[PDB]
Amino acid sequence: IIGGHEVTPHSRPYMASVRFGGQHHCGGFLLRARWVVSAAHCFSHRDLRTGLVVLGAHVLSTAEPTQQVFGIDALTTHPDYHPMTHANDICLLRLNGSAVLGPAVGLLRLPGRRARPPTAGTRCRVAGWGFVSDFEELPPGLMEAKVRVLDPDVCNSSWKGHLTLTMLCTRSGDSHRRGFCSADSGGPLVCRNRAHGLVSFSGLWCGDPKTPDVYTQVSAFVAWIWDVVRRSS
Ligand SMILES: *[C@@H]1O[C@H](CO)[C@@H](O[C@@H]2O[C@H](CO)[C@@H](O)[C@H](O)[C@H]2NC(C)=O)[C@H](O)[C@H]1NC(C)=O
Ligand SMILES: *C[C@@](*)(O)[C@H](CCCCN)NC(=O)[C@H](CC(C)C)NC(=O)[C@H](N)C(C)C
Ligand SMILES: *[C@@H]1O[C@H](CO)[C@@H](O)[C@H](O)[C@H]1NC(C)=O
């Protein structure tokens with residue numbers, strides 16, 4: 001996360017750390033005790049059994065008592081996720097067990113089915129354990145940045161018309177570079193206490209205004225998410 005601050009340890013309990021080969025790879029969120037929502041691209045060319053979902057963490061490197069580590073029993077990627085286009089960059093993860101709810105391991109709510117994406121200007125927040133700059137610099141723990149929803153017609157121009165109706169953008173509330181970076185994918189864009197977006201792609205350099213931060217418009221997927229969840233009891 002660029003242009004962000006470190007969060008109060010355990011102040012965002014829904015945050016999941018998807019890790020492959022010891023190293024933290026992506027972000028995600030706890031939907032239900034057994035379910036985690038993430039970016040479909042995180043699992044591309046990975047063997048699931050090399051992966052763990054870590055909940056209740058702040059300093060990922062430290063083995064905290066608050067931490068709860070689970071395996072991926074099953075991964076449901078959006079059937080229509082397209083590499084090259086990056087559309088439908090969403091997936092669901094069924095853990096090998098249910099997470100024990102506590103003050104450090106908690107749920108995040110999706111918008112209703114009756115939901116349009118947040119308006120251009122809306123104050124939103126993006127958390128993650130990914131890089132803090134374009135120099136591979138690591139955060140001291142879970143970081144968050146305060147962002148504001150950017151007009152899609154504006155975002156689509158910057159992106160040379162590569163944006164689909166199921167994507168949504170952010171921009172910093174000021175002149176500084178604020179947003180997501182590498183290893184922040186899958187993590188949620190919280191708007192009005194609901195997961196409105198999910199960290200998908202950005203340009204080359206982090207928070208660069210010329211290439212605004214693109215997210216998956218969660219509301220457009222709510223129906224699918226539940227379908228999958230009720231499918232697997
Ligand atoms: C859930 O999945 C994980 C990953 O497949 C299981 O793996 C254990 O994880 C620890 C480290 O976290 C390893 O040292 C053990 O060797 C792994 N055990 C097994 C059985 O592979 C984890 O055990 C699973 N938990 C449950 C309750 O099934
Ligand atoms: C997957 C996630 O870790 C990143 C987060 C954005 C960091 C960008 N500074 N997303 C990507 O790496 C996606 C790739 C997926 C195929 C959508 N791609 C991009 O961000 C860009 N097009 C370039 C960084 C390659
Ligand atoms: C973005 O622009 C292209 C080309 O003008 C258009 O086909 C597409 O529907 C637009 N998408 C959005 C999200 O506005």
# chains A, B, ... in the order shown; residues from 1 in each chain; ligands from 1

$ residues_near_ligand --ligand "ligand 1" --cutoff "8 Å" --atoms "only C-alpha atoms and all ligand atoms" --output "list in words"
residues 49, 50, 51, 52, 69, 70, 71, 72, 73, 95, 96 and 97 of chain A

$ write_last_selection --atoms "N, CA, C and O atoms" --output "short mmCIF file (atom, residue, chain, number, x, y, z; two decimals), in the first residue's frame"
data_model
loop_
_atom_site.label_atom_id
_atom_site.label_comp_id
_atom_site.auth_asym_id
_atom_site.auth_seq_id
_atom_site.Cartn_x
_atom_site.Cartn_y
_atom_site.Cartn_z
N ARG A 49 -2.07 -26.49 -2.43
CA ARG A 49 -1.53 -27.18 -1.26
C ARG A 49 -0.21 -26.54 -0.75
O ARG A 49 0.25 -26.90 0.33
N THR A 50 0.34 -25.55 -1.51
CA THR A 50 1.55 -24.76 -1.19
C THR A 50 1.12 -23.44 -0.51
O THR A 50 1.96 -22.63 -0.08
N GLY A 51 -0.21 -23.26 -0.42
CA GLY A 51 -0.88 -22.08 0.11
C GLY A 51 -1.69 -22.23 1.39
O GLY A 51 -2.36 -23.24 1.62
N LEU A 52 -1.63 -21.17 2.22
CA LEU A 52 -2.33 -21.02 3.49
C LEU A 52 -2.99 -19.65 3.57
O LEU A 52 -2.38 -18.65 3.16
N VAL A 69 -4.36 -19.96 11.00
CA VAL A 69 -3.89 -20.35 9.67
C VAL A 69 -4.75 -21.52 9.19
O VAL A 69 -4.95 -22.48 9.94
N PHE A 70 -5.25 -21.43 7.95
CA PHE A 70 -6.08 -22.49 7.36
C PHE A 70 -5.57 -22.87 5.97
O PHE A 70 -4.81 -22.12 5.36
N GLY A 71 -5.99 -24.02 5.50
CA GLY A 71 -5.65 -24.46 4.16
C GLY A 71 -6.82 -24.20 3.23
O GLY A 71 -7.93 -23.92 3.69
N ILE A 72 -6.57 -24.29 1.91
CA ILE A 72 -7.66 -24.09 0.95
C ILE A 72 -8.20 -25.47 0.61
O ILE A 72 -7.50 -26.27 0.02
N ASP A 73 -9.42 -25.77 1.06
CA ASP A 73 -10.10 -27.05 0.81
C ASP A 73 -10.50 -27.05 -0.68
O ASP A 73 -10.29 -28.04 -1.37
N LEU A 95 -12.10 -22.68 3.25
CA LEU A 95 -11.00 -23.10 4.14
C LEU A 95 -11.18 -24.54 4.64
O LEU A 95 -12.31 -25.05 4.61
N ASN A 96 -10.10 -25.21 5.12
CA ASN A 96 -10.27 -26.58 5.62
C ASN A 96 -11.03 -26.69 6.94
O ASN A 96 -11.37 -27.80 7.36
N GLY A 97 -11.34 -25.54 7.54
CA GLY A 97 -12.10 -25.45 8.78
C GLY A 97 -12.73 -24.08 8.93
O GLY A 97 -12.41 -23.16 8.18
#

$ residues_near_ligand --ligand "ligand 3" --cutoff "7 Å" --atoms "only C-alpha atoms and all ligand atoms" --output "PDB file with N, CA, C and O atoms, in the first residue's frame"
ATOM      1  N   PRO A 152     -15.652   6.700 -13.767  1.00  0.00           N
ATOM      2  CA  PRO A 152     -15.224   5.614 -14.674  1.00  0.00           C
ATOM      3  C   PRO A 152     -14.889   6.074 -16.082  1.00  0.00           C
ATOM      4  O   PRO A 152     -13.953   5.548 -16.650  1.00  0.00           O
ATOM      5  N   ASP A 153     -15.609   7.079 -16.619  1.00  0.00           N
ATOM      6  CA  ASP A 153     -15.344   7.623 -17.956  1.00  0.00           C
ATOM      7  C   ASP A 153     -13.918   8.214 -17.992  1.00  0.00           C
ATOM      8  O   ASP A 153     -13.197   8.039 -18.984  1.00  0.00           O
ATOM      9  N   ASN A 156     -11.473   5.201 -17.650  1.00  0.00           N
ATOM     10  CA  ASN A 156     -11.489   4.465 -18.906  1.00  0.00           C
ATOM     11  C   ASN A 156     -10.602   5.140 -19.924  1.00  0.00           C
ATOM     12  O   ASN A 156      -9.913   4.432 -20.657  1.00  0.00           O
ATOM     13  N   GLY A 161      -9.572   2.705 -22.802  1.00  0.00           N
ATOM     14  CA  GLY A 161     -10.807   1.961 -22.996  1.00  0.00           C
ATOM     15  C   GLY A 161     -10.743   0.485 -22.677  1.00  0.00           C
ATOM     16  O   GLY A 161     -11.535  -0.285 -23.233  1.00  0.00           O
ATOM     17  N   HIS A 162      -9.823   0.075 -21.777  1.00  0.00           N
ATOM     18  CA  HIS A 162      -9.653  -1.337 -21.421  1.00  0.00           C
ATOM     19  C   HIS A 162     -10.475  -1.741 -20.209  1.00  0.00           C
ATOM     20  O   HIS A 162     -10.411  -2.895 -19.750  1.00  0.00           O
ATOM     21  N   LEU A 163     -11.235  -0.791 -19.678  1.00  0.00           N
ATOM     22  CA  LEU A 163     -12.056  -1.026 -18.512  1.00  0.00           C
ATOM     23  C   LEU A 163     -13.431  -1.562 -18.891  1.00  0.00           C
ATOM     24  O   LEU A 163     -14.025  -1.122 -19.879  1.00  0.00           O
ATOM     25  N   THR A 164     -13.900  -2.563 -18.149  1.00  0.00           N
ATOM     26  CA  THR A 164     -15.205  -3.164 -18.390  1.00  0.00           C
ATOM     27  C   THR A 164     -16.173  -2.597 -17.367  1.00  0.00           C
ATOM     28  O   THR A 164     -15.740  -2.005 -16.377  1.00  0.00           O
ATOM     29  N   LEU A 165     -17.480  -2.761 -17.600  1.00  0.00           N
ATOM     30  CA  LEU A 165     -18.519  -2.277 -16.687  1.00  0.00           C
ATOM     31  C   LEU A 165     -18.404  -2.828 -15.242  1.00  0.00           C
ATOM     32  O   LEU A 165     -18.975  -2.224 -14.321  1.00  0.00           O
ATOM     33  N   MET A 167     -15.652  -3.100 -13.362  1.00  0.00           N
ATOM     34  CA  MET A 167     -14.452  -2.565 -12.722  1.00  0.00           C
ATOM     35  C   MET A 167     -14.776  -1.193 -12.160  1.00  0.00           C
ATOM     36  O   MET A 167     -15.737  -0.563 -12.604  1.00  0.00           O
TER      37      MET A 167
END

$ select_by_dssp --residues "region 26-162 of chain A" --states "strand (DSSP E or B)" --output "PyMOL selection string"
chain A and resi 26-32+35-38+51-55+68-77+91-95+123-128+143-150

$ atom_distance --atom1 "CA of residue 36 (chain A)" --atom2 "atom 19 (C, counted along the ligand's line) of ligand 2"
21.9 Å

$ residues_near_ligand --ligand "ligand 2" --cutoff "6 Å" --atoms "only C-alpha atoms and all ligand atoms" --output "CSV table (one decimal) with N, CA, C and O atoms, in the first residue's frame"
chain,number,residue,atom,x,y,z
A,26,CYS,N,-0.9,-12.5,-1.6
A,26,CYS,CA,-2.1,-11.7,-1.9
A,26,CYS,C,-2.9,-11.4,-0.6
A,26,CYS,O,-2.6,-12.0,0.4
A,41,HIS,N,-6.5,-13.9,-10.1
A,41,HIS,CA,-5.1,-13.9,-10.6
A,41,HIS,C,-4.1,-14.4,-9.6
A,41,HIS,O,-3.0,-14.7,-10.0
A,42,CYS,N,-4.4,-14.3,-8.3
A,42,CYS,CA,-3.4,-14.7,-7.2
A,42,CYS,C,-3.1,-16.2,-7.3
A,42,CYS,O,-2.0,-16.6,-6.9
A,83,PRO,N,-7.5,-13.8,-18.4
A,83,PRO,CA,-6.1,-13.1,-18.5
A,83,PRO,C,-6.1,-12.3,-19.8
A,83,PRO,O,-6.8,-12.7,-20.7
A,86,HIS,N,-8.3,-9.1,-17.9
A,86,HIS,CA,-8.3,-9.0,-16.4
A,86,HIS,C,-9.8,-8.9,-15.8
A,86,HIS,O,-9.9,-8.7,-14.6
A,181,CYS,N,-0.4,-1.5,-4.1
A,181,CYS,CA,0.8,-1.9,-4.6
A,181,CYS,C,0.9,-3.5,-4.8
A,181,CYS,O,-0.2,-4.1,-4.6
A,182,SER,N,2.0,-4.0,-5.3
A,182,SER,CA,2.2,-5.5,-5.5
A,182,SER,C,1.9,-6.2,-4.2
A,182,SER,O,2.2,-5.7,-3.1
A,183,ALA,N,1.3,-7.4,-4.3
A,183,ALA,CA,0.8,-8.3,-3.2
A,183,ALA,C,-0.4,-7.7,-2.4
A,183,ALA,O,-0.7,-8.2,-1.3
A,184,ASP,N,-1.1,-6.7,-2.9
A,184,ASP,CA,-2.3,-6.2,-2.3
A,184,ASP,C,-3.6,-6.7,-3.0
A,184,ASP,O,-4.7,-6.5,-2.5
A,185,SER,N,-3.4,-7.5,-4.1
A,185,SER,CA,-4.5,-8.0,-4.8
A,185,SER,C,-5.4,-8.9,-4.0
A,185,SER,O,-4.9,-9.5,-3.1
A,200,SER,N,-7.6,-5.4,-8.1
A,200,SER,CA,-7.3,-6.2,-9.3
A,200,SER,C,-6.0,-5.9,-9.9
A,200,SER,O,-5.0,-6.7,-9.9
A,201,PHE,N,-5.9,-4.7,-10.6
A,201,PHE,CA,-4.7,-4.3,-11.3
A,201,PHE,C,-4.6,-2.8,-11.2
A,201,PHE,O,-5.5,-2.1,-10.8
A,202,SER,N,-3.4,-2.3,-11.6
A,202,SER,CA,-2.9,-0.9,-11.6
A,202,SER,C,-1.8,-0.8,-12.7
A,202,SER,O,-1.6,-1.8,-13.4
A,203,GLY,N,-1.3,0.4,-12.9
A,203,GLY,CA,-0.2,0.5,-13.9
A,203,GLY,C,1.1,0.0,-13.4
A,203,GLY,O,1.2,-0.9,-12.6
A,204,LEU,N,2.2,0.5,-14.0
A,204,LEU,CA,3.5,-0.1,-13.6
A,204,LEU,C,4.0,0.3,-12.2
A,204,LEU,O,4.1,-0.5,-11.3
A,205,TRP,N,4.1,1.6,-12.0
A,205,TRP,CA,4.4,2.2,-10.7
A,205,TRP,C,3.2,2.4,-9.8
A,205,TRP,O,2.1,2.8,-10.4
A,206,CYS,N,3.3,2.2,-8.5
A,206,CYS,CA,2.2,2.2,-7.5
A,206,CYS,C,1.6,3.6,-7.3
A,206,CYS,O,2.4,4.6,-7.0

$ residues_around --residues "residue 148 (chain A)" --least-positions-apart "6" --cutoff "8 Å" --atoms "only C-alpha atoms" --output "PyMOL selection string"
chain A and resi 120-124+170-173

$ closest_residue --among "A:115, A:142, A:90, A:16" --to "residue 129 (chain A)" --atoms "only C-alpha atoms"
A:142

$ atom_distance --atom1 "CA of residue 37 (chain A)" --atom2 "CA of residue 104 (chain A)"
17.6 Å

$ closest_atom_pairs --of "region 90-126 of chain A" --to "region 208-224 of chain A" --cutoff "10 Å" --atoms "only C-alpha atoms" --output "JSON lines"
{"residue": "A:90", "atom": "CA", "partner": "A:216", "partner_atom": "CA", "distance": 7.2}
{"residue": "A:110", "atom": "CA", "partner": "A:222", "partner_atom": "CA", "distance": 6.9}
{"residue": "A:111", "atom": "CA", "partner": "A:219", "partner_atom": "CA", "distance": 5.8}
{"residue": "A:112", "atom": "CA", "partner": "A:219", "partner_atom": "CA", "distance": 7.1}
{"residue": "A:113", "atom": "CA", "partner": "A:222", "partner_atom": "CA", "distance": 6.2}
{"residue": "A:114", "atom": "CA", "partner": "A:219", "partner_atom": "CA", "distance": 8.4}
{"residue": "A:115", "atom": "CA", "partner": "A:219", "partner_atom": "CA", "distance": 5.9}
{"residue": "A:116", "atom": "CA", "partner": "A:219", "partner_atom": "CA", "distance": 6.8}
{"residue": "A:117", "atom": "CA", "partner": "A:219", "partner_atom": "CA", "distance": 6.7}
{"residue": "A:118", "atom": "CA", "partner": "A:217", "partner_atom": "CA", "distance": 9.3}

$ write_last_selection --atoms "N, CA, C and O atoms" --output "PDB file, in the first residue's frame"
ATOM      1  N   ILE A  90     -12.095 -12.338  -9.633  1.00  0.00           N
ATOM      2  CA  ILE A  90     -12.674 -12.699  -8.338  1.00  0.00           C
ATOM      3  C   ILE A  90     -12.702 -14.200  -8.174  1.00  0.00           C
ATOM      4  O   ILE A  90     -12.918 -14.933  -9.131  1.00  0.00           O
ATOM      5  N   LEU A 110     -20.708  -7.780   2.233  1.00  0.00           N
ATOM      6  CA  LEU A 110     -20.817  -7.426   0.823  1.00  0.00           C
ATOM      7  C   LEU A 110     -21.949  -6.386   0.709  1.00  0.00           C
ATOM      8  O   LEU A 110     -22.831  -6.343   1.592  1.00  0.00           O
ATOM      9  N   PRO A 111     -22.011  -5.598  -0.401  1.00  0.00           N
ATOM     10  CA  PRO A 111     -23.166  -4.719  -0.600  1.00  0.00           C
ATOM     11  C   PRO A 111     -24.369  -5.605  -0.909  1.00  0.00           C
ATOM     12  O   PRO A 111     -24.194  -6.789  -1.224  1.00  0.00           O
ATOM     13  N   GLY A 112     -25.569  -5.074  -0.761  1.00  0.00           N
ATOM     14  CA  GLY A 112     -26.769  -5.844  -1.061  1.00  0.00           C
ATOM     15  C   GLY A 112     -26.844  -6.211  -2.527  1.00  0.00           C
ATOM     16  O   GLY A 112     -25.977  -5.824  -3.319  1.00  0.00           O
ATOM     17  N   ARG A 113     -27.870  -6.965  -2.906  1.00  0.00           N
ATOM     18  CA  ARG A 113     -28.060  -7.317  -4.317  1.00  0.00           C
ATOM     19  C   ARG A 113     -28.621  -6.065  -5.044  1.00  0.00           C
ATOM     20  O   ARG A 113     -28.265  -5.802  -6.202  1.00  0.00           O
ATOM     21  N   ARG A 114     -29.391  -5.236  -4.289  1.00  0.00           N
ATOM     22  CA  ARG A 114     -29.986  -3.953  -4.690  1.00  0.00           C
ATOM     23  C   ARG A 114     -28.930  -2.782  -4.712  1.00  0.00           C
ATOM     24  O   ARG A 114     -29.285  -1.633  -4.403  1.00  0.00           O
ATOM     25  N   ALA A 115     -27.653  -3.074  -5.110  1.00  0.00           N
ATOM     26  CA  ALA A 115     -26.548  -2.106  -5.052  1.00  0.00           C
ATOM     27  C   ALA A 115     -25.805  -1.654  -6.317  1.00  0.00           C
ATOM     28  O   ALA A 115     -25.214  -2.460  -7.043  1.00  0.00           O
ATOM     29  N   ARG A 116     -25.808  -0.333  -6.539  1.00  0.00           N
ATOM     30  CA  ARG A 116     -25.051   0.297  -7.619  1.00  0.00           C
ATOM     31  C   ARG A 116     -23.653   0.671  -7.055  1.00  0.00           C
ATOM     32  O   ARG A 116     -23.507   0.820  -5.833  1.00  0.00           O
ATOM     33  N   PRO A 117     -22.593   0.759  -7.886  1.00  0.00           N
ATOM     34  CA  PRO A 117     -21.262   1.074  -7.343  1.00  0.00           C
ATOM     35  C   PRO A 117     -21.177   2.466  -6.721  1.00  0.00           C
ATOM     36  O   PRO A 117     -21.937   3.350  -7.136  1.00  0.00           O
ATOM     37  N   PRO A 118     -20.267   2.688  -5.744  1.00  0.00           N
ATOM     38  CA  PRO A 118     -20.173   4.019  -5.122  1.00  0.00           C
ATOM     39  C   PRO A 118     -19.902   5.136  -6.111  1.00  0.00           C
ATOM     40  O   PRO A 118     -19.239   4.923  -7.126  1.00  0.00           O
TER      41      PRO A 118
END

$ select_by_dssp --residues "region 156-231 of chain A" --states "alpha helix (DSSP H)" --output "PyMOL selection string"
chain A and resi 156-158+222-231

$ write_last_selection --atoms "N, CA and C atoms" --output "mmCIF file, in the first residue's frame"
data_model
loop_
_atom_site.group_PDB
_atom_site.id
_atom_site.type_symbol
_atom_site.label_atom_id
_atom_site.label_comp_id
_atom_site.auth_asym_id
_atom_site.auth_seq_id
_atom_site.Cartn_x
_atom_site.Cartn_y
_atom_site.Cartn_z
ATOM 1 N N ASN A 156 -11.473 5.201 -17.650
ATOM 2 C CA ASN A 156 -11.489 4.465 -18.906
ATOM 3 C C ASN A 156 -10.602 5.140 -19.924
ATOM 4 N N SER A 157 -10.551 6.488 -19.934
ATOM 5 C CA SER A 157 -9.688 7.234 -20.870
ATOM 6 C C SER A 157 -8.219 6.959 -20.562
ATOM 7 N N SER A 158 -7.833 7.111 -19.262
ATOM 8 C CA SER A 158 -6.486 6.845 -18.718
ATOM 9 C C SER A 158 -6.040 5.433 -19.100
ATOM 10 N N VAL A 222 -22.095 -10.153 -6.197
ATOM 11 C CA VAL A 222 -22.819 -10.583 -4.992
ATOM 12 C C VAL A 222 -23.661 -11.854 -5.234
ATOM 13 N N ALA A 223 -24.535 -11.846 -6.270
ATOM 14 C CA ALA A 223 -25.359 -12.999 -6.655
ATOM 15 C C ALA A 223 -24.511 -14.281 -6.858
ATOM 16 N N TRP A 224 -23.410 -14.179 -7.649
ATOM 17 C CA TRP A 224 -22.508 -15.292 -7.918
ATOM 18 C C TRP A 224 -21.904 -15.820 -6.634
ATOM 19 N N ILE A 225 -21.377 -14.911 -5.777
ATOM 20 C CA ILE A 225 -20.719 -15.240 -4.510
ATOM 21 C C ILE A 225 -21.595 -16.138 -3.668
ATOM 22 N N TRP A 226 -22.823 -15.696 -3.401
ATOM 23 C CA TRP A 226 -23.801 -16.453 -2.624
ATOM 24 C C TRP A 226 -24.165 -17.795 -3.208
ATOM 25 N N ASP A 227 -24.291 -17.835 -4.525
ATOM 26 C CA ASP A 227 -24.597 -19.025 -5.295
ATOM 27 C C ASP A 227 -23.599 -20.125 -4.930
ATOM 28 N N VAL A 228 -22.310 -19.805 -5.039
ATOM 29 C CA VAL A 228 -21.148 -20.636 -4.745
ATOM 30 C C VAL A 228 -21.148 -21.068 -3.265
ATOM 31 N N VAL A 229 -21.424 -20.121 -2.354
ATOM 32 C CA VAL A 229 -21.457 -20.321 -0.901
ATOM 33 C C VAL A 229 -22.572 -21.321 -0.499
ATOM 34 N N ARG A 230 -23.817 -21.125 -1.009
ATOM 35 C CA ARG A 230 -24.950 -22.025 -0.755
ATOM 36 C C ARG A 230 -24.762 -23.403 -1.452
ATOM 37 N N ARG A 231 -23.933 -23.451 -2.537
ATOM 38 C CA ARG A 231 -23.563 -24.635 -3.337
ATOM 39 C C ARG A 231 -22.792 -25.671 -2.506
#

$ atom_distance --atom1 "CA of residue 98 (chain A)" --atom2 "CA of residue 29 (chain A)"
14.0 Å

$ closest_residue --among "A:186, A:21, A:130, A:65" --to "residue 48 (chain A)" --atoms "only C-alpha atoms"
A:21

$ closest_residue --among "A:20, A:35, A:81, A:14" --to "residue 58 (chain A)" --atoms "only C-alpha atoms"
A:14

$ residues_around --residues "residue 1 (chain A)" --least-positions-apart "5" --cutoff "8 Å" --atoms "only C-alpha atoms" --output "count of residues only"
16
